[PDB]
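Below is query_39.csv, which holds CSV, N, CA, C and O atoms.
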```csv
chain,number,residue,atom,x,y,z
J,1,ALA,N,-77.0,-123.7,-31.4
J,1,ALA,CA,-75.8,-123.4,-30.7
J,1,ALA,C,-74.7,-124.4,-31.0
J,1,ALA,O,-75.1,-125.6,-31.3
J,2,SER,N,-73.5,-124.1,-30.8
J,2,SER,CA,-72.4,-125.0,-31.1
J,2,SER,C,-72.1,-125.8,-29.8
J,2,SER,O,-72.6,-125.6,-28.7
J,3,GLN,N,-71.3,-126.9,-30.0
J,3,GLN,CA,-71.0,-127.8,-28.9
J,3,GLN,C,-69.6,-127.4,-28.3
J,3,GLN,O,-68.8,-126.7,-28.9
J,4,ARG,N,-69.3,-128.0,-27.1
J,4,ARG,CA,-68.0,-127.8,-26.5
J,4,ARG,C,-66.9,-128.3,-27.3
J,4,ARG,O,-66.9,-129.4,-27.8
J,5,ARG,N,-65.8,-127.4,-27.5
J,5,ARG,CA,-64.8,-127.7,-28.4
J,5,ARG,C,-63.9,-128.9,-28.0
J,5,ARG,O,-63.3,-129.5,-28.8
J,6,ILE,N,-63.9,-129.2,-26.7
J,6,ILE,CA,-63.1,-130.2,-26.1
J,6,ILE,C,-64.0,-131.4,-25.7
J,6,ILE,O,-63.6,-132.2,-24.8
J,7,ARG,N,-65.2,-131.5,-26.2
J,7,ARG,CA,-66.1,-132.6,-25.9
J,7,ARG,C,-66.5,-133.3,-27.2
J,7,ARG,O,-66.7,-132.7,-28.2
J,8,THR,N,-66.5,-134.7,-27.1
J,8,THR,CA,-66.9,-135.5,-28.3
J,8,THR,C,-68.4,-135.7,-28.2
J,8,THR,O,-68.9,-136.3,-27.2
J,9,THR,N,-69.1,-135.4,-29.3
J,9,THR,CA,-70.5,-135.5,-29.4
J,9,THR,C,-70.9,-136.4,-30.6
J,9,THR,O,-72.1,-136.3,-31.1
J,10,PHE,N,-70.0,-137.2,-31.1
J,10,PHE,CA,-70.2,-137.9,-32.3
J,10,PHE,C,-70.2,-139.4,-32.1
J,10,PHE,O,-69.6,-139.9,-31.1
J,11,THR,N,-70.9,-140.1,-32.9
J,11,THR,CA,-70.9,-141.6,-32.9
J,11,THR,C,-69.7,-142.2,-33.7
J,11,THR,O,-69.0,-141.4,-34.4
J,12,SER,N,-69.5,-143.5,-33.5
J,12,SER,CA,-68.4,-144.1,-34.2
J,12,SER,C,-68.6,-144.0,-35.7
J,12,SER,O,-67.6,-144.0,-36.5
J,13,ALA,N,-69.8,-144.0,-36.2
J,13,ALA,CA,-70.1,-143.9,-37.6
J,13,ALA,C,-69.8,-142.4,-38.1
J,13,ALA,O,-69.3,-142.3,-39.1
J,14,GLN,N,-70.2,-141.5,-37.3
J,14,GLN,CA,-70.0,-140.1,-37.6
J,14,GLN,C,-68.5,-139.8,-37.6
J,14,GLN,O,-68.0,-139.1,-38.5
J,15,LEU,N,-67.8,-140.3,-36.6
J,15,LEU,CA,-66.3,-140.1,-36.5
J,15,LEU,C,-65.6,-140.8,-37.6
J,15,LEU,O,-64.6,-140.2,-38.1
J,16,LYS,N,-66.1,-141.9,-38.0
J,16,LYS,CA,-65.6,-142.6,-39.2
J,16,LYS,C,-65.6,-141.8,-40.4
J,16,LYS,O,-64.7,-141.7,-41.2
J,17,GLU,N,-66.8,-141.2,-40.7
J,17,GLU,CA,-67.0,-140.3,-41.8
J,17,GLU,C,-66.2,-139.1,-41.8
J,17,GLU,O,-65.6,-138.6,-42.8
J,18,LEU,N,-66.1,-138.4,-40.6
J,18,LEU,CA,-65.3,-137.3,-40.4
J,18,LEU,C,-63.8,-137.5,-40.6
J,18,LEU,O,-63.1,-136.7,-41.1
J,19,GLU,N,-63.4,-138.7,-40.2
J,19,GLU,CA,-62.0,-139.1,-40.3
J,19,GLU,C,-61.7,-139.4,-41.8
J,19,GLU,O,-60.6,-139.0,-42.3
J,20,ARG,N,-62.6,-140.1,-42.5
J,20,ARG,CA,-62.5,-140.4,-43.9
J,20,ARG,C,-62.3,-139.1,-44.7
J,20,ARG,O,-61.4,-139.0,-45.5
J,21,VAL,N,-63.2,-138.1,-44.4
J,21,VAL,CA,-63.1,-136.8,-45.1
J,21,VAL,C,-61.9,-136.1,-44.8
J,21,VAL,O,-61.2,-135.5,-45.7
J,22,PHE,N,-61.4,-136.1,-43.6
J,22,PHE,CA,-60.2,-135.5,-43.2
J,22,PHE,C,-59.0,-136.0,-44.0
J,22,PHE,O,-58.2,-135.3,-44.5
J,23,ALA,N,-59.0,-137.3,-44.1
J,23,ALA,CA,-57.9,-138.0,-44.8
J,23,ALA,C,-57.8,-137.5,-46.3
J,23,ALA,O,-56.7,-137.3,-46.8
J,24,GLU,N,-59.0,-137.3,-46.9
J,24,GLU,CA,-59.1,-136.9,-48.2
J,24,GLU,C,-58.8,-135.4,-48.3
J,24,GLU,O,-58.0,-134.9,-49.1
J,25,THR,N,-59.6,-134.6,-47.6
J,25,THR,CA,-59.5,-133.2,-47.6
J,25,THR,C,-59.2,-132.7,-46.1
J,25,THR,O,-60.1,-132.7,-45.3
J,26,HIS,N,-58.0,-132.2,-45.9
J,26,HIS,CA,-57.7,-131.8,-44.5
J,26,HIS,C,-58.3,-130.4,-44.2
J,26,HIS,O,-58.5,-130.1,-43.0
J,27,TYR,N,-58.6,-129.6,-45.2
J,27,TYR,CA,-59.2,-128.3,-45.0
J,27,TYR,C,-60.4,-128.2,-45.9
J,27,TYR,O,-60.4,-127.6,-47.0
J,28,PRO,N,-61.5,-128.7,-45.3
J,28,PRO,CA,-62.8,-128.6,-46.0
J,28,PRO,C,-63.1,-127.1,-46.4
J,28,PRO,O,-62.9,-126.2,-45.6
J,29,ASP,N,-63.7,-126.9,-47.6
J,29,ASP,CA,-64.1,-125.6,-48.1
J,29,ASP,C,-65.5,-125.3,-47.7
J,29,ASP,O,-66.1,-126.0,-46.9
J,30,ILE,N,-66.0,-124.2,-48.2
J,30,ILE,CA,-67.3,-123.7,-47.8
J,30,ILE,C,-68.4,-124.8,-48.0
J,30,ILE,O,-69.2,-125.0,-47.1
J,31,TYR,N,-68.4,-125.3,-49.2
J,31,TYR,CA,-69.5,-126.3,-49.5
J,31,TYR,C,-69.3,-127.6,-48.9
J,31,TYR,O,-70.3,-128.3,-48.5
J,32,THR,N,-68.1,-128.0,-48.7
J,32,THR,CA,-67.7,-129.3,-48.0
J,32,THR,C,-68.1,-129.2,-46.6
J,32,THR,O,-68.7,-130.2,-46.0
J,33,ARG,N,-67.8,-128.1,-45.9
J,33,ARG,CA,-68.2,-127.9,-44.5
J,33,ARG,C,-69.7,-127.9,-44.3
J,33,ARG,O,-70.2,-128.4,-43.4
J,34,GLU,N,-70.4,-127.3,-45.3
J,34,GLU,CA,-71.8,-127.3,-45.3
J,34,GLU,C,-72.4,-128.7,-45.3
J,34,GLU,O,-73.2,-129.0,-44.5
J,35,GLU,N,-71.9,-129.5,-46.2
J,35,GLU,CA,-72.3,-130.9,-46.3
J,35,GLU,C,-72.0,-131.7,-45.1
J,35,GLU,O,-72.8,-132.5,-44.6
J,36,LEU,N,-70.8,-131.4,-44.5
J,36,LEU,CA,-70.4,-132.1,-43.3
J,36,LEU,C,-71.3,-131.7,-42.1
J,36,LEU,O,-71.7,-132.5,-41.3
J,37,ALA,N,-71.7,-130.4,-42.1
J,37,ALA,CA,-72.7,-130.0,-41.1
J,37,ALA,C,-74.0,-130.7,-41.2
J,37,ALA,O,-74.6,-131.1,-40.2
J,38,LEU,N,-74.4,-131.0,-42.4
J,38,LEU,CA,-75.7,-131.7,-42.6
J,38,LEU,C,-75.5,-133.1,-42.2
J,38,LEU,O,-76.5,-133.8,-41.7
J,39,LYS,N,-74.3,-133.7,-42.4
J,39,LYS,CA,-74.1,-135.1,-42.0
J,39,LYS,C,-74.2,-135.3,-40.5
J,39,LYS,O,-74.7,-136.3,-40.1
J,40,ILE,N,-73.7,-134.3,-39.8
J,40,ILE,CA,-73.7,-134.4,-38.3
J,40,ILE,C,-74.8,-133.6,-37.7
J,40,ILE,O,-75.1,-133.7,-36.5
J,41,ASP,N,-75.6,-132.9,-38.5
J,41,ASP,CA,-76.7,-132.2,-38.1
J,41,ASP,C,-76.4,-131.1,-37.0
J,41,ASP,O,-77.1,-130.9,-36.1
J,42,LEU,N,-75.2,-130.5,-37.2
J,42,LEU,CA,-74.8,-129.4,-36.3
J,42,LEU,C,-74.2,-128.2,-37.1
J,42,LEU,O,-73.8,-128.4,-38.3
J,43,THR,N,-74.2,-127.1,-36.5
J,43,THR,CA,-73.7,-125.9,-37.1
J,43,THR,C,-72.3,-126.1,-37.7
J,43,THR,O,-71.5,-127.0,-37.3
J,44,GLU,N,-72.0,-125.4,-38.8
J,44,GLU,CA,-70.8,-125.5,-39.5
J,44,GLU,C,-69.6,-125.2,-38.6
J,44,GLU,O,-68.5,-125.7,-38.8
J,45,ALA,N,-69.8,-124.4,-37.6
J,45,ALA,CA,-68.8,-124.1,-36.6
J,45,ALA,C,-68.3,-125.3,-35.9
J,45,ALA,O,-67.1,-125.4,-35.6
J,46,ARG,N,-69.2,-126.3,-35.7
J,46,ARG,CA,-68.8,-127.5,-35.0
J,46,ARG,C,-67.9,-128.4,-35.9
J,46,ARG,O,-66.9,-129.0,-35.4
J,47,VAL,N,-68.2,-128.4,-37.2
J,47,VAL,CA,-67.3,-129.1,-38.2
J,47,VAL,C,-65.9,-128.4,-38.2
J,47,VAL,O,-64.9,-129.1,-38.2
J,48,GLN,N,-65.9,-127.1,-38.2
J,48,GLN,CA,-64.6,-126.4,-38.3
J,48,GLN,C,-63.7,-126.7,-37.1
J,48,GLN,O,-62.5,-126.8,-37.3
J,49,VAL,N,-64.3,-126.7,-36.0
J,49,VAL,CA,-63.6,-127.1,-34.7
J,49,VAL,C,-63.0,-128.5,-34.8
J,49,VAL,O,-61.8,-128.6,-34.5
J,50,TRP,N,-63.8,-129.4,-35.2
J,50,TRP,CA,-63.4,-130.8,-35.2
J,50,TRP,C,-62.2,-131.0,-36.1
J,50,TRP,O,-61.2,-131.7,-35.8
J,51,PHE,N,-62.2,-130.4,-37.3
J,51,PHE,CA,-61.2,-130.6,-38.3
J,51,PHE,C,-60.0,-129.8,-38.0
J,51,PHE,O,-58.8,-130.1,-38.3
J,52,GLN,N,-60.2,-128.6,-37.3
J,52,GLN,CA,-59.1,-127.8,-36.8
J,52,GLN,C,-58.3,-128.5,-35.7
J,52,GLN,O,-57.1,-128.5,-35.7
J,53,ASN,N,-59.0,-129.2,-34.8
J,53,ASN,CA,-58.4,-129.9,-33.7
J,53,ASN,C,-57.8,-131.2,-34.3
J,53,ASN,O,-56.7,-131.6,-33.8
J,54,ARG,N,-58.4,-131.8,-35.2
J,54,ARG,CA,-57.9,-133.1,-35.8
J,54,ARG,C,-56.7,-132.8,-36.6
J,54,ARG,O,-55.7,-133.6,-36.6
J,55,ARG,N,-56.6,-131.6,-37.3
J,55,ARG,CA,-55.4,-131.2,-38.0
J,55,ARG,C,-54.3,-130.9,-37.1
J,55,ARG,O,-53.1,-131.3,-37.4
J,56,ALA,N,-54.5,-130.3,-36.0
J,56,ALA,CA,-53.5,-130.1,-35.0
J,56,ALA,C,-53.0,-131.4,-34.4
J,56,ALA,O,-51.8,-131.5,-34.3
J,57,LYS,N,-53.9,-132.3,-34.2
J,57,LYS,CA,-53.5,-133.6,-33.7
J,57,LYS,C,-52.7,-134.4,-34.7
J,57,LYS,O,-51.7,-135.1,-34.4
J,58,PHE,N,-53.1,-134.3,-36.0
J,58,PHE,CA,-52.3,-134.8,-37.1
J,58,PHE,C,-50.9,-134.3,-37.2
J,58,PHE,O,-50.0,-135.1,-37.3
J,59,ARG,N,-50.7,-133.0,-37.1
J,59,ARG,CA,-49.4,-132.4,-37.1
J,59,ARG,C,-48.6,-132.9,-35.9
J,59,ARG,O,-47.4,-133.1,-36.1
J,60,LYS,N,-49.2,-133.0,-34.8
J,60,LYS,CA,-48.5,-133.5,-33.6
J,60,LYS,C,-48.0,-135.0,-33.8
J,60,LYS,O,-46.9,-135.3,-33.3
J,61,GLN,N,-48.8,-135.8,-34.5
J,61,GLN,CA,-48.5,-137.2,-34.7
J,61,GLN,C,-47.8,-137.4,-36.0
J,61,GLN,O,-47.3,-138.5,-36.3
J,62,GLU,N,-47.7,-136.3,-36.8
J,62,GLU,CA,-47.0,-136.3,-38.1
J,62,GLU,C,-45.5,-136.6,-37.9
J,62,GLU,O,-44.9,-136.0,-37.1
J,63,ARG,N,-45.0,-137.6,-38.7
J,63,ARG,CA,-43.6,-137.9,-38.6
J,63,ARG,C,-43.0,-138.1,-40.0
J,63,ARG,O,-43.8,-138.3,-41.0
```
Please go through the file and, once you have read it, give me the structure as structure tokens.
Amino acid sequence: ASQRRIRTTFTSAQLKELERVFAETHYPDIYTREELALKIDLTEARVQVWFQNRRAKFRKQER
């Protein structure tokens, strides 16, 4: 099952990696999301949510 979309379930190491990938690729593709899912050991849906919310936050903070 997926995790709550508004809850953080990641470590500082996991968030660091997720942030790094975001900076490089803002919209992970099929295979990238798959690998990301393996990195966090959670459904791909969880990756999609994180990057979707992170992208929204980016746009809000974008100047």
Handout entry: Residue neighbourhood residue 10 (chain J), 12 Å, only C-alpha atoms, exclusion window fewer than 3 positions, as a ChimeraX atom specification
Key = /J:3-4,7,13-19,39-42,46-47,50
Handout entry: Close residues, residue 58 (chain J) itself excluded, 12 Å, only C-alpha atoms, min 4 positions apart in chain, as a list in words
Key = residues 19, 22, 23, 26, 50, 51, 52, 53, 54, 62 and 63 of chain J
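Put simply, atom C of residue 2 (chain J) is 26.7 Å away from CA of residue 61 (chain J).
Our summary of the geometry notes that CA of residue 29 (chain J) is positioned 21.1 Å from CA of residue 1 (chain J).
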Got a moment to write region 1-51 of chain J out with N, CA and C atoms, as a compact mmCIF listing (two decimals), in the first residue's frame?
```txt
# COMPACT_ATOMS: atom_id res chain seq x y z
N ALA J 1 0.82 -1.20 0.00
CA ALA J 1 0.00 0.00 0.00
C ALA J 1 0.86 1.26 0.00
N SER J 2 0.30 2.35 -0.49
CA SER J 2 1.00 3.63 -0.53
C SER J 2 0.93 4.33 0.82
N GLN J 3 1.74 5.38 0.98
CA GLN J 3 1.76 6.14 2.22
C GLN J 3 0.97 7.43 2.09
N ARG J 4 0.69 8.07 3.23
CA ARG J 4 -0.07 9.31 3.24
C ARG J 4 0.66 10.41 2.47
N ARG J 5 -0.07 11.09 1.60
CA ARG J 5 0.54 12.01 0.64
C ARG J 5 1.11 13.23 1.34
N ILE J 6 0.59 13.53 2.52
CA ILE J 6 1.00 14.71 3.27
C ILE J 6 1.80 14.32 4.51
N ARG J 7 2.37 13.12 4.49
CA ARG J 7 3.23 12.67 5.57
C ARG J 7 4.62 12.29 5.05
N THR J 8 5.65 12.67 5.80
CA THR J 8 7.02 12.33 5.46
C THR J 8 7.43 11.00 6.08
N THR J 9 7.85 10.06 5.24
CA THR J 9 8.23 8.73 5.70
C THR J 9 9.66 8.40 5.28
N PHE J 10 10.46 9.43 5.04
CA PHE J 10 11.80 9.25 4.49
C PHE J 10 12.86 9.71 5.48
N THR J 11 14.05 9.11 5.39
CA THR J 11 15.20 9.56 6.16
C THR J 11 15.91 10.72 5.47
N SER J 12 16.85 11.34 6.18
CA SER J 12 17.62 12.45 5.63
C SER J 12 18.45 12.00 4.43
N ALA J 13 18.87 10.74 4.45
CA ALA J 13 19.61 10.16 3.33
C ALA J 13 18.70 9.95 2.13
N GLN J 14 17.51 9.43 2.38
CA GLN J 14 16.54 9.19 1.32
C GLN J 14 16.06 10.50 0.70
N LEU J 15 15.80 11.49 1.55
CA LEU J 15 15.37 12.80 1.09
C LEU J 15 16.47 13.49 0.30
N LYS J 16 17.71 13.31 0.73
CA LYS J 16 18.87 13.84 0.01
C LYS J 16 18.93 13.28 -1.41
N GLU J 17 18.72 11.98 -1.54
CA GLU J 17 18.75 11.33 -2.84
C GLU J 17 17.57 11.76 -3.70
N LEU J 18 16.39 11.82 -3.09
CA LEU J 18 15.19 12.26 -3.79
C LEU J 18 15.33 13.70 -4.28
N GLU J 19 15.96 14.54 -3.45
CA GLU J 19 16.19 15.93 -3.81
C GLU J 19 17.20 16.05 -4.94
N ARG J 20 18.28 15.28 -4.85
CA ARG J 20 19.30 15.27 -5.88
C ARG J 20 18.72 14.89 -7.24
N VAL J 21 17.93 13.82 -7.26
CA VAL J 21 17.30 13.35 -8.49
C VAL J 21 16.33 14.40 -9.03
N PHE J 22 15.56 15.01 -8.14
CA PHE J 22 14.63 16.07 -8.52
C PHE J 22 15.36 17.20 -9.24
N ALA J 23 16.48 17.63 -8.67
CA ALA J 23 17.26 18.72 -9.25
C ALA J 23 17.71 18.38 -10.66
N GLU J 24 18.08 17.13 -10.88
CA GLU J 24 18.53 16.67 -12.19
C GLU J 24 17.35 16.43 -13.12
N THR J 25 16.41 15.61 -12.67
CA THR J 25 15.21 15.31 -13.45
C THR J 25 13.95 15.61 -12.65
N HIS J 26 13.24 16.66 -13.06
CA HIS J 26 12.06 17.12 -12.33
C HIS J 26 10.87 16.20 -12.57
N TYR J 27 10.88 15.51 -13.70
CA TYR J 27 9.80 14.59 -14.05
C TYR J 27 10.35 13.21 -14.38
N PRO J 28 10.60 12.41 -13.36
CA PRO J 28 11.11 11.05 -13.54
C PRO J 28 10.22 10.26 -14.50
N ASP J 29 10.85 9.52 -15.41
CA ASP J 29 10.12 8.68 -16.34
C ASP J 29 9.84 7.31 -15.74
N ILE J 30 9.34 6.39 -16.57
CA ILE J 30 8.88 5.09 -16.09
C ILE J 30 10.00 4.35 -15.36
N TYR J 31 11.16 4.28 -15.99
CA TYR J 31 12.27 3.47 -15.48
C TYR J 31 12.97 4.17 -14.32
N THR J 32 13.00 5.50 -14.37
CA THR J 32 13.57 6.29 -13.29
C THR J 32 12.74 6.17 -12.02
N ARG J 33 11.42 6.28 -12.17
CA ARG J 33 10.51 6.12 -11.04
C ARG J 33 10.61 4.72 -10.45
N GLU J 34 10.75 3.72 -11.31
CA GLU J 34 10.97 2.35 -10.87
C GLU J 34 12.19 2.24 -9.97
N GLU J 35 13.31 2.79 -10.44
CA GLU J 35 14.55 2.77 -9.67
C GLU J 35 14.40 3.53 -8.36
N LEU J 36 13.72 4.67 -8.42
CA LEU J 36 13.45 5.46 -7.23
C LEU J 36 12.62 4.68 -6.22
N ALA J 37 11.64 3.93 -6.72
CA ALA J 37 10.83 3.08 -5.87
C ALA J 37 11.68 2.04 -5.15
N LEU J 38 12.65 1.48 -5.86
CA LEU J 38 13.56 0.50 -5.28
C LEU J 38 14.46 1.14 -4.23
N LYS J 39 14.84 2.39 -4.46
CA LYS J 39 15.70 3.11 -3.53
C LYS J 39 15.01 3.34 -2.20
N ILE J 40 13.72 3.63 -2.25
CA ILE J 40 12.95 3.92 -1.04
C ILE J 40 12.15 2.71 -0.59
N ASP J 41 12.15 1.66 -1.41
CA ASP J 41 11.48 0.42 -1.07
C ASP J 41 9.98 0.63 -0.88
N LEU J 42 9.40 1.48 -1.73
CA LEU J 42 7.97 1.75 -1.69
C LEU J 42 7.38 1.81 -3.09
N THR J 43 6.07 1.61 -3.19
CA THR J 43 5.38 1.63 -4.47
C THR J 43 5.76 2.86 -5.28
N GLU J 44 5.72 2.73 -6.60
CA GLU J 44 6.06 3.83 -7.49
C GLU J 44 5.12 5.01 -7.29
N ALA J 45 3.91 4.72 -6.84
CA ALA J 45 2.93 5.77 -6.54
C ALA J 45 3.47 6.74 -5.49
N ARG J 46 4.24 6.22 -4.55
CA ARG J 46 4.81 7.03 -3.49
C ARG J 46 5.86 7.99 -4.03
N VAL J 47 6.67 7.51 -4.96
CA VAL J 47 7.64 8.35 -5.65
C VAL J 47 6.94 9.46 -6.44
N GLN J 48 5.90 9.09 -7.17
CA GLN J 48 5.17 10.04 -8.01
C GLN J 48 4.60 11.18 -7.18
N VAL J 49 4.06 10.84 -6.01
CA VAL J 49 3.50 11.84 -5.11
C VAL J 49 4.57 12.81 -4.62
N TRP J 50 5.70 12.27 -4.18
CA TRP J 50 6.77 13.08 -3.61
C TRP J 50 7.27 14.11 -4.62
N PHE J 51 7.50 13.66 -5.85
CA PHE J 51 8.05 14.52 -6.89
C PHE J 51 7.00 15.50 -7.40
```
